[PDB]
Amino acid sequence: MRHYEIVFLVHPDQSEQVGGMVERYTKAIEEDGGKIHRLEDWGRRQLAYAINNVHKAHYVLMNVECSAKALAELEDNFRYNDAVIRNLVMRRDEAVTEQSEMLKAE
Amino acid sequence: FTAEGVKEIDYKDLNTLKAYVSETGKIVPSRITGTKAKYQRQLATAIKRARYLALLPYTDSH
Amino acid sequence: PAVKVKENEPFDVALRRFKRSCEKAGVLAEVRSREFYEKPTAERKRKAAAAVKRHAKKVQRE
Amino acid sequence: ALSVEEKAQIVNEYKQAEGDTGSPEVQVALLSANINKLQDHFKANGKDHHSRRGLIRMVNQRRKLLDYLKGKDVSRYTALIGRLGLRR
Amino acid sequence: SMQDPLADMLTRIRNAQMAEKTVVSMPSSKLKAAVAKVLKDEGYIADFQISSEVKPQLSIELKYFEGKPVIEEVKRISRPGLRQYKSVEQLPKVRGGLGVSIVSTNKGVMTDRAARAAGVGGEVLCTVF
RNA sequence: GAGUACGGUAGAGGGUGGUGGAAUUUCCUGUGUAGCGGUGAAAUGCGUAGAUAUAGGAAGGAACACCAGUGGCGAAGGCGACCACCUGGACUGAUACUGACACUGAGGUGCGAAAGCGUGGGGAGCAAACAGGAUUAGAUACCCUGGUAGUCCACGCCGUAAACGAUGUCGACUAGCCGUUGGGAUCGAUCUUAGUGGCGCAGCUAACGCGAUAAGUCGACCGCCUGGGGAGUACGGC
Ligand SMILES: [Mg+2]
Ligand SMILES: [Mg+2]
Ligand SMILES: [Mg+2]
Ligand SMILES: [Mg+2]
Ligand SMILES: [Mg+2]
Ligand SMILES: [Mg+2]
Ligand SMILES: [Mg+2]
Ligand SMILES: [Mg+2]
Ligand SMILES: [Mg+2]
Ligand SMILES: [Mg+2]
Ligand SMILES: [Mg+2]
Ligand SMILES: [Mg+2]
Ligand SMILES: [Mg+2]
Ligand SMILES: [Mg+2]
Ligand SMILES: [Mg+2]
Ligand SMILES: [Mg+2]
Ligand SMILES: [Mg+2]
Ligand SMILES: [Mg+2]
């Protein structure tokens with residue numbers, strides 16, 4: 001109904017609650033009435049430039065099919081979270097499942 | 001672009017995105033690579049999105 | 001705008017490499033373009049003149 | 001402004017010969033519904049003139065269609081104007 | 001917005017003889033057919049054909065004689081903005097009678113000479129020389 | 001002819017919020033010293049009260065390089081950071097549907113660059129007025145150092161521009177060649193559409209030139225002109 005590909009990256013110092021943080025978020029999509037069709041993780045990556053005097057962050061992408069209220073609450077949680085550091089969404093009209101790339105190399 | 005690999009390209013295959021960025025982080029004009037107008041148009045915004053995510057740099061100096 | 005030194009070549013090849021890199025970057029053009037404000041009318045006039053010159057060159061190529 | 005489902009509902013409840021959409025009544029109903037659904041959008045966005053141009057275009061088109069229908073058949077005009085319930 | 005189709009017939013014929021073509025195709029009508037018939041009767045065109053199937057099309061074959069078109073000048077007199085009507089004695093004589101002027105009388109669409117012979121005036125439609 | 005229903009594309013079309021990096025300026029702190037800035041040449045100005053360069057930090061405002069194109073969108077004016085939400089129109093494919101429901105349009109109704117006006121905010125760069133230094137016979141200018149309104153936002157007003165293609169809107173016909181934007185169909189080629197450019201045959205034009213995006217051949221309706229000044233001025237109305 002309203003798909004959203006959201007890529008969220010988080011502070012490296014707190015790159016251990018991210019394993020549980022998604023369950024603090026995915027928790028919503030079911031009682032809203034939506035389904036996640038993809039979730040990946042390639043966190044602890046190198047930054048291109050300094051974002052509040054850091055150079056590394058833990059990345060995570062996921063797809064969501066939720067209502068407006070779920071979007072509002074998740075973005076408000078991002079806004080008032082101390083880690084947050086970055087957020088962005090790519091609302092699309094389809095579904096994608098097959099990861100993003102992982103590493104095609106050995 | 002047209003034969004097999006991705007009719008529409010997202011900002012995902014950085015192996016393709018980095019092929020279209022100059023050594024100083026600028027975007028290569030279409031007349032140099034010889035690509036098409038539609039693909040250049042979507043490729044520019046793909047690079048901008050990837051660049052905001054701090055995957056790619058604004059400037060090579062920074 | 002930046003080049004490394006390595007493997008003790010004479011200090012002229014690296015100089016020409018730096019010159020070539022700087023002129024690929026087009027730094028001089030951009031820094032000249034910021035010396036004074038160009039009102040938009042002059043900008044469109046210059047672009048139109050460049051376009052007509054380019055098309056005349058391409059037509060005269062045959 | 002309208003989507004597929006409610007457009008189908010309107011053409012269903014305003015059809016004339018089981019499979020027509022060009023009849024005047026369907027067009028007037030669709031235009032009136034779209035105008036009504038756009039009024040609340042224009043309530044909040046006062047400085048959007050470019051869309052208000054299209055709104056006025058729909059208003060004029062509906063007026064033309066109503067004039068033609070009143071020219072053709074009076075009774076159908078009265079029935080339609082009563083069902084949509086608008087001044088003229 | 002196609003306010004007048006007979007002027008469109010005349011203009012199509014004129015522009016086609018300027019371009020050195022042989023056949024002209026257009027939508028047909030019971031007035032265009034009469035005009036084409038009188039033109040053929042006067043010898044200004046070779047033939048005219050009308051198709052079937054609710055959208056009939058008039059196809060006119062043009063003459064050339066020498067290296068110049070046979071129809072030298074053609075012009076519509078009574079446009080939908082004037083509606084000129086003439087009597088018997090006021091019927092125009094184009095080029096001293098060498099050409100013809102089409103008149104729609106109560107007896108049908110015909111030429112000025114026929115109207116003078118029958119003693120009937122009418123609605124002047126176009127002039128050809 | 002005109003319009004409706006159904007899929008799919010492209011777009012700086014409009015509105016409301018949020019978020020980015022670079023760069024300028026100002027303030028604070030560190031080593032370090034005597035010059036910086038500017039010009040045709042200078043000077044005003046800033047300077048050991050530690051500048052510029054340089055390192056670290058802080059606040060604040062505005063514009064969105066590279067893509068970028070005879071490129072796109074919009075009735076015109078005009079519209080380039082990214083993201084979400086609300087929304088208008090155009091283009092494209094087949095079928096069904098309505099069955100002339102159309103064109104133009106005196107009055108009227110709106111939208112309408114920039115400058116300007118009112119109330120309340122904000123204020124980094126720039127910069128009418130203005131101050132000083134030059135140049136000059138003079139220089140109420142061009143040049144240099146500063147600098148206020150304004151340029152920015154909300155609401156309201158103002159109705160103007162070389163508001164230009166100096167070319168009113170709508171419809172139909174008339175050789176061709178080379179590009180290009182975004183869609184289809186056939187077997188890279190061909191065919192066909194809606195735009196957007198460069199040449200060019202007839203034809204037109206006083207000439208320049210226009211030439212399927214006519215200024216050619218024709219229709220429908222509207223606006224306007226009648227020697228140069230006085231003058232788009234006076235008087236009256238709004
Ligand atoms: Mg300093
Ligand atoms: Mg009109
Ligand atoms: Mg008027
Ligand atoms: Mg008006
Ligand atoms: Mg203004
Ligand atoms: Mg003001
Ligand atoms: Mg004020
Ligand atoms: Mg000055
Ligand atoms: Mg004042
Ligand atoms: Mg005027
Ligand atoms: Mg303009
Ligand atoms: Mg004028
Ligand atoms: Mg035309
Ligand atoms: Mg030409
Ligand atoms: Mg003329
Ligand atoms: Mg006079
Ligand atoms: Mg006056
Ligand atoms: Mg007056």
# chains A, B, ... in the order shown; residues from 1 in each chain; ligands from 1
$ residues_near_ligand --ligand "ligand 1" --cutoff "9 Å" --atoms "only C-alpha atoms (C1' of nucleotides) and all ligand atoms" --output "VMD selection string"
chain F and resid 51 to 54
$ write_last_selection --atoms "N, CA and C atoms (P, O5', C5', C4', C3', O3' and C1' of nucleotides)" --output "PDB file, in the first residue's frame"
ATOM      1  P     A F  51      46.300  37.684  15.457  1.00  0.00           P
ATOM      2  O5'   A F  51      45.583  38.256  14.158  1.00  0.00           O
ATOM      3  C5'   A F  51      44.973  39.537  14.162  1.00  0.00           C
ATOM      4  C4'   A F  51      45.105  40.198  12.815  1.00  0.00           C
ATOM      5  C3'   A F  51      45.017  39.263  11.621  1.00  0.00           C
ATOM      6  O3'   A F  51      43.683  38.949  11.266  1.00  0.00           O
ATOM      7  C1'   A F  51      46.872  40.708  11.362  1.00  0.00           C
ATOM      8  P     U F  52      43.289  37.448  10.851  1.00  0.00           P
ATOM      9  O5'   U F  52      43.961  37.258   9.420  1.00  0.00           O
ATOM     10  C5'   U F  52      43.618  38.111   8.339  1.00  0.00           C
ATOM     11  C4'   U F  52      44.556  37.944   7.171  1.00  0.00           C
ATOM     12  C3'   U F  52      44.816  36.516   6.722  1.00  0.00           C
ATOM     13  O3'   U F  52      43.772  35.982   5.928  1.00  0.00           O
ATOM     14  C1'   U F  52      46.865  37.678   6.847  1.00  0.00           C
ATOM     15  P     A F  53      43.313  34.453   6.116  1.00  0.00           P
ATOM     16  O5'   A F  53      44.660  33.620   5.967  1.00  0.00           O
ATOM     17  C5'   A F  53      45.268  33.453   4.696  1.00  0.00           C
ATOM     18  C4'   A F  53      46.625  32.804   4.805  1.00  0.00           C
ATOM     19  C3'   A F  53      46.661  31.418   5.420  1.00  0.00           C
ATOM     20  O3'   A F  53      46.262  30.398   4.524  1.00  0.00           O
ATOM     21  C1'   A F  53      48.398  32.725   6.329  1.00  0.00           C
ATOM     22  P     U F  54      45.297  29.220   5.034  1.00  0.00           P
ATOM     23  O5'   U F  54      45.907  28.808   6.447  1.00  0.00           O
ATOM     24  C5'   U F  54      47.114  28.065   6.524  1.00  0.00           C
ATOM     25  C4'   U F  54      47.418  27.625   7.933  1.00  0.00           C
ATOM     26  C3'   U F  54      46.268  27.013   8.707  1.00  0.00           C
ATOM     27  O3'   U F  54      46.045  25.664   8.348  1.00  0.00           O
ATOM     28  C1'   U F  54      47.468  28.519  10.089  1.00  0.00           C
TER      29        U F  54
END
$ residues_around --residues "residue 36 in chain B" --least-positions-apart "5" --cutoff "12 Å" --atoms "only C-alpha atoms (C1' of nucleotides)" --output "PDB file with N, CA, C and O atoms (P, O5', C5', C4', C3', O3' and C1' of nucleotides), in the first residue's frame"
ATOM      1  N   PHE B   1      23.792  -1.001 -20.524  1.00  0.00           N
ATOM      2  CA  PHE B   1      22.621  -0.406 -19.892  1.00  0.00           C
ATOM      3  C   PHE B   1      21.330  -1.059 -20.364  1.00  0.00           C
ATOM      4  O   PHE B   1      20.449  -1.368 -19.561  1.00  0.00           O
ATOM      5  N   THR B   2      21.222  -1.266 -21.675  1.00  0.00           N
ATOM      6  CA  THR B   2      19.986  -1.739 -22.284  1.00  0.00           C
ATOM      7  C   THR B   2      19.930  -3.252 -22.464  1.00  0.00           C
ATOM      8  O   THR B   2      18.845  -3.835 -22.370  1.00  0.00           O
ATOM      9  N   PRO B  29      30.384  14.422 -17.011  1.00  0.00           N
ATOM     10  CA  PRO B  29      29.310  14.791 -17.941  1.00  0.00           C
ATOM     11  C   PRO B  29      28.974  13.654 -18.894  1.00  0.00           C
ATOM     12  O   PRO B  29      29.797  12.781 -19.175  1.00  0.00           O
ATOM     13  N   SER B  30      27.735  13.677 -19.390  1.00  0.00           N
ATOM     14  CA  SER B  30      27.257  12.605 -20.257  1.00  0.00           C
ATOM     15  C   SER B  30      28.032  12.554 -21.566  1.00  0.00           C
ATOM     16  O   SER B  30      28.287  11.469 -22.102  1.00  0.00           O
ATOM     17  N   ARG B  31      28.412  13.716 -22.103  1.00  0.00           N
ATOM     18  CA  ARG B  31      29.108  13.746 -23.385  1.00  0.00           C
ATOM     19  C   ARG B  31      30.466  13.059 -23.326  1.00  0.00           C
ATOM     20  O   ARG B  31      31.000  12.680 -24.373  1.00  0.00           O
ATOM     21  N   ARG B  41      20.193  11.218 -16.059  1.00  0.00           N
ATOM     22  CA  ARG B  41      19.314  11.942 -15.147  1.00  0.00           C
ATOM     23  C   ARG B  41      19.071  11.156 -13.867  1.00  0.00           C
ATOM     24  O   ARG B  41      19.115  11.720 -12.767  1.00  0.00           O
ATOM     25  N   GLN B  42      18.814   9.851 -13.982  1.00  0.00           N
ATOM     26  CA  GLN B  42      18.614   9.063 -12.767  1.00  0.00           C
ATOM     27  C   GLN B  42      19.929   8.784 -12.051  1.00  0.00           C
ATOM     28  O   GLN B  42      19.953   8.649 -10.822  1.00  0.00           O
ATOM     29  N   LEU B  43      21.029   8.716 -12.795  1.00  0.00           N
ATOM     30  CA  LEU B  43      22.326   8.447 -12.198  1.00  0.00           C
ATOM     31  C   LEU B  43      22.803   9.615 -11.348  1.00  0.00           C
ATOM     32  O   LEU B  43      23.431   9.405 -10.303  1.00  0.00           O
TER      33      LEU B  43
ATOM     34  P     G F  69      26.199  22.468 -20.347  1.00  0.00           P
ATOM     35  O5'   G F  69      24.840  22.379 -21.176  1.00  0.00           O
ATOM     36  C5'   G F  69      24.847  22.437 -22.593  1.00  0.00           C
ATOM     37  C4'   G F  69      23.847  21.483 -23.199  1.00  0.00           C
ATOM     38  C3'   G F  69      22.488  22.059 -23.553  1.00  0.00           C
ATOM     39  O3'   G F  69      22.500  22.768 -24.778  1.00  0.00           O
ATOM     40  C1'   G F  69      22.230  19.946 -22.502  1.00  0.00           C
ATOM     41  P     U F 181      18.460  13.034 -27.145  1.00  0.00           P
ATOM     42  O5'   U F 181      17.150  13.530 -26.389  1.00  0.00           O
ATOM     43  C5'   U F 181      17.209  14.598 -25.457  1.00  0.00           C
ATOM     44  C4'   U F 181      15.827  15.031 -25.035  1.00  0.00           C
ATOM     45  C3'   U F 181      14.894  13.919 -24.591  1.00  0.00           C
ATOM     46  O3'   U F 181      15.112  13.545 -23.243  1.00  0.00           O
ATOM     47  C1'   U F 181      13.754  15.402 -26.055  1.00  0.00           C
TER      48        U F 181
END
$ residues_near_ligand --ligand "ligand 4" --cutoff "10 Å" --atoms "only C-alpha atoms (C1' of nucleotides) and all ligand atoms" --output "ChimeraX atom specification"
/F:108-110
$ write_last_selection --atoms "N, CA, C and O atoms (P, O5', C5', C4', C3', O3' and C1' of nucleotides)" --output "PDB file, in the first residue's frame"
ATOM      1  P     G F 108     -15.949  46.482 -17.569  1.00  0.00           P
ATOM      2  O5'   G F 108     -16.738  45.420 -16.685  1.00  0.00           O
ATOM      3  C5'   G F 108     -16.122  44.803 -15.567  1.00  0.00           C
ATOM      4  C4'   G F 108     -16.625  43.398 -15.359  1.00  0.00           C
ATOM      5  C3'   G F 108     -15.780  42.539 -14.433  1.00  0.00           C
ATOM      6  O3'   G F 108     -16.093  42.773 -13.071  1.00  0.00           O
ATOM      7  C1'   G F 108     -16.293  41.325 -16.405  1.00  0.00           C
ATOM      8  P     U F 109     -15.121  42.261 -11.903  1.00  0.00           P
ATOM      9  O5'   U F 109     -15.436  40.703 -11.807  1.00  0.00           O
ATOM     10  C5'   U F 109     -14.725  39.871 -10.910  1.00  0.00           C
ATOM     11  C4'   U F 109     -14.307  38.582 -11.567  1.00  0.00           C
ATOM     12  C3'   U F 109     -12.885  38.139 -11.279  1.00  0.00           C
ATOM     13  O3'   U F 109     -12.768  37.469 -10.038  1.00  0.00           O
ATOM     14  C1'   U F 109     -13.308  37.979 -13.599  1.00  0.00           C
ATOM     15  P     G F 110     -11.870  38.103  -8.870  1.00  0.00           P
ATOM     16  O5'   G F 110     -10.444  38.274  -9.550  1.00  0.00           O
ATOM     17  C5'   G F 110      -9.275  37.782  -8.918  1.00  0.00           C
ATOM     18  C4'   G F 110      -8.699  36.606  -9.661  1.00  0.00           C
ATOM     19  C3'   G F 110      -7.203  36.663  -9.905  1.00  0.00           C
ATOM     20  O3'   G F 110      -6.401  36.383  -8.758  1.00  0.00           O
ATOM     21  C1'   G F 110      -8.279  36.104 -11.920  1.00  0.00           C
TER      22        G F 110
END
$ residues_around --residues "range 75-81 of chain A" --least-positions-apart "5" --cutoff "12 Å" --atoms "only C-alpha atoms (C1' of nucleotides)" --output "JSON, numbers by chain"
{"A": [6, 7, 8, 9, 10, 11, 14, 21, 24, 25, 68, 69, 70, 86, 87, 88, 89], "F": [18, 19, 84]}
$ residues_around --residues "range 1-11 of chain D" --least-positions-apart "4" --cutoff "8 Å" --atoms "only C-alpha atoms (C1' of nucleotides)" --output "PyMOL selection string"
(chain D and resi 15+21+26+29-30+34+37-38) or (chain F and resi 87)
$ residues_around --residues "range 55-66 of chain A" --least-positions-apart "6" --cutoff "8 Å" --atoms "only C-alpha atoms (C1' of nucleotides)" --output "short mmCIF file (atom, residue, chain, number, x, y, z; two decimals) with C-alpha atoms, in the first residue's frame"
data_model
loop_
_atom_site.label_atom_id
_atom_site.label_comp_id
_atom_site.auth_asym_id
_atom_site.auth_seq_id
_atom_site.Cartn_x
_atom_site.Cartn_y
_atom_site.Cartn_z
CA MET A 1 0.00 0.00 0.00
CA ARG A 2 2.80 2.46 0.92
CA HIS A 3 6.25 0.88 0.80
CA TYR A 4 9.31 2.51 2.35
CA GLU A 5 12.95 1.51 1.98
CA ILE A 6 14.70 3.08 4.98
CA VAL A 7 18.46 3.10 5.55
CA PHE A 8 19.47 4.06 9.09
CA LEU A 9 23.02 4.28 10.42
CA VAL A 10 23.89 4.50 14.10
CA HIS A 11 26.71 5.57 16.40
CA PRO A 12 29.64 3.11 16.61
CA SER A 15 26.68 -0.62 17.80
CA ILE A 29 4.68 -3.02 11.57
CA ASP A 32 -0.28 -1.55 12.04
CA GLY A 33 -1.05 -4.30 9.54
CA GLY A 34 2.17 -4.38 7.54
CA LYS A 35 4.91 -6.83 6.61
CA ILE A 36 8.67 -6.42 6.25
CA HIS A 37 9.83 -7.93 2.96
CA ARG A 38 13.58 -7.35 3.42
CA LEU A 39 16.09 -6.68 6.18
CA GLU A 40 19.88 -6.63 5.88
CA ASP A 41 22.90 -5.55 7.89
CA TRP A 42 26.46 -4.65 6.89
CA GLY A 43 27.21 -2.37 9.83
CA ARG A 44 30.50 -1.04 11.21
CA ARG A 45 31.52 0.68 7.97
CA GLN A 46 33.89 3.54 7.21
CA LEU A 47 32.56 7.06 6.71
CA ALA A 48 33.48 9.37 3.84
CA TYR A 49 33.64 12.42 6.12
CA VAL A 96 12.44 -5.97 -3.06
#
$ residues_near_ligand --ligand "ligand 3" --cutoff "9 Å" --atoms "only C-alpha atoms (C1' of nucleotides) and all ligand atoms" --output "PDB file with N, CA, C and O atoms (P, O5', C5', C4', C3', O3' and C1' of nucleotides), in the first residue's frame"
ATOM      1  P     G F 105     -10.258  34.995 -28.014  1.00  0.00           P
ATOM      2  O5'   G F 105     -11.485  35.915 -27.586  1.00  0.00           O
ATOM      3  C5'   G F 105     -11.828  37.071 -28.333  1.00  0.00           C
ATOM      4  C4'   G F 105     -13.227  37.543 -28.025  1.00  0.00           C
ATOM      5  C3'   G F 105     -13.476  38.024 -26.610  1.00  0.00           C
ATOM      6  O3'   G F 105     -13.008  39.345 -26.416  1.00  0.00           O
ATOM      7  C1'   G F 105     -15.227  36.584 -27.268  1.00  0.00           C
ATOM      8  P     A F 106     -13.062  40.064 -24.981  1.00  0.00           P
ATOM      9  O5'   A F 106     -14.005  41.313 -25.250  1.00  0.00           O
ATOM     10  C5'   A F 106     -13.932  42.008 -26.484  1.00  0.00           C
ATOM     11  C4'   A F 106     -14.854  43.198 -26.513  1.00  0.00           C
ATOM     12  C3'   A F 106     -14.986  43.976 -25.219  1.00  0.00           C
ATOM     13  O3'   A F 106     -13.890  44.834 -24.961  1.00  0.00           O
ATOM     14  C1'   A F 106     -17.123  43.642 -26.154  1.00  0.00           C
ATOM     15  P     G F 107     -13.421  45.074 -23.446  1.00  0.00           P
ATOM     16  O5'   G F 107     -14.669  44.571 -22.599  1.00  0.00           O
ATOM     17  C5'   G F 107     -14.948  45.099 -21.314  1.00  0.00           C
ATOM     18  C4'   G F 107     -16.432  45.217 -21.084  1.00  0.00           C
ATOM     19  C3'   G F 107     -16.876  45.189 -19.633  1.00  0.00           C
ATOM     20  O3'   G F 107     -16.714  46.432 -18.978  1.00  0.00           O
ATOM     21  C1'   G F 107     -18.222  43.715 -20.880  1.00  0.00           C
ATOM     22  P     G F 108     -15.949  46.482 -17.569  1.00  0.00           P
ATOM     23  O5'   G F 108     -16.738  45.420 -16.685  1.00  0.00           O
ATOM     24  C5'   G F 108     -16.122  44.803 -15.567  1.00  0.00           C
ATOM     25  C4'   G F 108     -16.625  43.398 -15.359  1.00  0.00           C
ATOM     26  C3'   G F 108     -15.780  42.539 -14.433  1.00  0.00           C
ATOM     27  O3'   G F 108     -16.093  42.773 -13.071  1.00  0.00           O
ATOM     28  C1'   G F 108     -16.293  41.325 -16.405  1.00  0.00           C
ATOM     29  P     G F 223     -13.221  43.890 -30.437  1.00  0.00           P
ATOM     30  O5'   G F 223     -11.657  44.103 -30.233  1.00  0.00           O
ATOM     31  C5'   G F 223     -11.067  43.994 -28.946  1.00  0.00           C
ATOM     32  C4'   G F 223      -9.573  44.190 -28.996  1.00  0.00           C
ATOM     33  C3'   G F 223      -9.080  45.485 -29.618  1.00  0.00           C
ATOM     34  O3'   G F 223      -9.156  46.595 -28.741  1.00  0.00           O
ATOM     35  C1'   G F 223      -7.833  43.685 -30.480  1.00  0.00           C
TER      36        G F 223
END
$ closest_atom_pairs --of "chain F" --to "ligand 17" --cutoff "12 Å" --atoms "only C-alpha atoms (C1' of nucleotides) and all ligand atoms" --output "CSV"
residue,atom,partner,partner_atom_place_in_ligand_line,distance
F:231,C1',ligand 17,1 (Mg),9.9
F:232,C1',ligand 17,1 (Mg),6.6
F:233,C1',ligand 17,1 (Mg),7.1
F:234,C1',ligand 17,1 (Mg),9.2
F:235,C1',ligand 17,1 (Mg),11.5
$ select_by_dssp --residues "chain A" --states "alpha helix (DSSP H)" --output "JSON, numbers by chain"
{"A": [18, 19, 20, 21, 23, 24, 25, 26, 27, 28, 29, 30, 31, 32, 68, 69, 70, 71, 72, 73, 74, 75, 76, 77, 78, 79, 80]}
$ write_last_selection --atoms "C-alpha atoms" --output "CSV table (one decimal), in the first residue's frame"
chain,number,residue,atom,x,y,z
A,18,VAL,CA,21.2,-2.2,17.0
A,19,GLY,CA,20.8,-6.0,17.1
A,20,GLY,CA,17.9,-5.4,19.4
A,21,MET,CA,16.9,-1.9,18.2
A,23,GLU,CA,12.9,-5.3,17.3
A,24,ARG,CA,12.2,-2.0,19.1
A,25,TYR,CA,11.0,-0.9,15.7
A,26,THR,CA,9.7,-3.9,13.7
A,27,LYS,CA,7.5,-4.4,16.7
A,28,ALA,CA,5.1,-1.8,15.1
A,29,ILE,CA,4.7,-3.0,11.6
A,30,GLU,CA,2.5,-6.0,12.5
A,31,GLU,CA,-0.1,-4.4,14.6
A,32,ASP,CA,-0.3,-1.5,12.0
A,68,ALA,CA,1.4,7.2,8.3
A,69,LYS,CA,1.4,6.9,12.1
A,70,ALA,CA,4.1,4.2,12.1
A,71,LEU,CA,6.3,6.4,9.9
A,72,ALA,CA,5.7,9.4,12.2
A,73,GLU,CA,6.5,7.5,15.4
A,74,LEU,CA,9.7,5.9,13.9
A,75,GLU,CA,10.9,9.2,12.6
A,76,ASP,CA,10.1,10.9,16.0
A,77,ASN,CA,12.1,8.1,17.7
A,78,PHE,CA,15.0,8.8,15.4
A,79,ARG,CA,14.7,12.6,16.0
A,80,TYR,CA,14.8,12.3,19.8
$ closest_atom_pairs --of "chain F" --to "ligand 15" --cutoff "10 Å" --atoms "only C-alpha atoms (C1' of nucleotides) and all ligand atoms" --output "JSON lines"
{"residue": "F:167", "atom": "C1'", "partner": "ligand 15", "partner_atom_place_in_ligand_line": "1 (Mg)", "distance": 9.5}
{"residue": "F:204", "atom": "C1'", "partner": "ligand 15", "partner_atom_place_in_ligand_line": "1 (Mg)", "distance": 9.4}
{"residue": "F:205", "atom": "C1'", "partner": "ligand 15", "partner_atom_place_in_ligand_line": "1 (Mg)", "distance": 7.0}
{"residue": "F:210", "atom": "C1'", "partner": "ligand 15", "partner_atom_place_in_ligand_line": "1 (Mg)", "distance": 10.0}
{"residue": "F:215", "atom": "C1'", "partner": "ligand 15", "partner_atom_place_in_ligand_line": "1 (Mg)", "distance": 6.1}
$ write_last_selection --atoms "N, CA and C atoms (P, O5', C5', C4', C3', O3' and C1' of nucleotides)" --output "PDB file, in the first residue's frame"
ATOM      1  P     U F 167       5.573  40.267 -30.522  1.00  0.00           P
ATOM      2  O5'   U F 167       5.047  39.782 -31.946  1.00  0.00           O
ATOM      3  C5'   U F 167       3.784  40.202 -32.451  1.00  0.00           C
ATOM      4  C4'   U F 167       3.304  39.327 -33.586  1.00  0.00           C
ATOM      5  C3'   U F 167       2.958  37.884 -33.213  1.00  0.00           C
ATOM      6  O3'   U F 167       1.895  37.410 -34.044  1.00  0.00           O
ATOM      7  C1'   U F 167       4.638  37.885 -34.858  1.00  0.00           C
ATOM      8  P     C F 204       3.910  34.858 -55.235  1.00  0.00           P
ATOM      9  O5'   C F 204       4.009  35.589 -53.825  1.00  0.00           O
ATOM     10  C5'   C F 204       2.916  35.578 -52.920  1.00  0.00           C
ATOM     11  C4'   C F 204       3.338  35.993 -51.534  1.00  0.00           C
ATOM     12  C3'   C F 204       4.061  37.324 -51.429  1.00  0.00           C
ATOM     13  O3'   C F 204       3.175  38.428 -51.448  1.00  0.00           O
ATOM     14  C1'   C F 204       5.190  35.697 -50.130  1.00  0.00           C
ATOM     15  P     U F 205       3.581  39.777 -52.215  1.00  0.00           P
ATOM     16  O5'   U F 205       4.691  40.426 -51.280  1.00  0.00           O
ATOM     17  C5'   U F 205       4.396  40.782 -49.938  1.00  0.00           C
ATOM     18  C4'   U F 205       5.642  41.182 -49.192  1.00  0.00           C
ATOM     19  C3'   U F 205       6.526  42.209 -49.876  1.00  0.00           C
ATOM     20  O3'   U F 205       6.051  43.536 -49.728  1.00  0.00           O
ATOM     21  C1'   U F 205       7.862  40.441 -49.046  1.00  0.00           C
ATOM     22  P     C F 210      14.799  34.142 -41.605  1.00  0.00           P
ATOM     23  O5'   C F 210      13.238  34.016 -41.889  1.00  0.00           O
ATOM     24  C5'   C F 210      12.281  34.326 -40.886  1.00  0.00           C
ATOM     25  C4'   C F 210      10.877  34.033 -41.356  1.00  0.00           C
ATOM     26  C3'   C F 210      10.555  32.575 -41.645  1.00  0.00           C
ATOM     27  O3'   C F 210      10.251  31.830 -40.481  1.00  0.00           O
ATOM     28  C1'   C F 210       9.773  33.919 -43.419  1.00  0.00           C
ATOM     29  P     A F 215       3.826  33.557 -39.292  1.00  0.00           P
ATOM     30  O5'   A F 215       3.763  35.010 -39.939  1.00  0.00           O
ATOM     31  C5'   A F 215       2.730  35.366 -40.850  1.00  0.00           C
ATOM     32  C4'   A F 215       3.281  35.876 -42.160  1.00  0.00           C
ATOM     33  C3'   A F 215       3.830  34.804 -43.097  1.00  0.00           C
ATOM     34  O3'   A F 215       3.643  35.224 -44.447  1.00  0.00           O
ATOM     35  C1'   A F 215       5.556  36.304 -42.531  1.00  0.00           C
TER      36        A F 215
END
$ residues_near_ligand --ligand "ligand 12" --cutoff "10 Å" --atoms "only C-alpha atoms (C1' of nucleotides) and all ligand atoms" --output "list in words"
residues 162, 163, 164 and 166 of chain F
$ closest_atom_pairs --of "chain F" --to "chain C" --cutoff "12 Å" --atoms "only C-alpha atoms (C1' of nucleotides)" --output "JSON lines"
{"residue": "F:23", "atom": "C1'", "partner": "C:34", "partner_atom": "CA", "distance": 11.3}
{"residue": "F:65", "atom": "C1'", "partner": "C:30", "partner_atom": "CA", "distance": 8.4}
{"residue": "F:66", "atom": "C1'", "partner": "C:25", "partner_atom": "CA", "distance": 10.3}
{"residue": "F:68", "atom": "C1'", "partner": "C:47", "partner_atom": "CA", "distance": 10.9}
{"residue": "F:69", "atom": "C1'", "partner": "C:51", "partner_atom": "CA", "distance": 9.5}
{"residue": "F:70", "atom": "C1'", "partner": "C:51", "partner_atom": "CA", "distance": 6.7}
{"residue": "F:125", "atom": "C1'", "partner": "C:37", "partner_atom": "CA", "distance": 11.5}
{"residue": "F:126", "atom": "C1'", "partner": "C:37", "partner_atom": "CA", "distance": 9.3}
{"residue": "F:178", "atom": "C1'", "partner": "C:59", "partner_atom": "CA", "distance": 8.8}
{"residue": "F:179", "atom": "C1'", "partner": "C:55", "partner_atom": "CA", "distance": 9.6}
{"residue": "F:197", "atom": "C1'", "partner": "C:55", "partner_atom": "CA", "distance": 9.8}
{"residue": "F:198", "atom": "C1'", "partner": "C:55", "partner_atom": "CA", "distance": 8.1}
{"residue": "F:199", "atom": "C1'", "partner": "C:59", "partner_atom": "CA", "distance": 10.1}
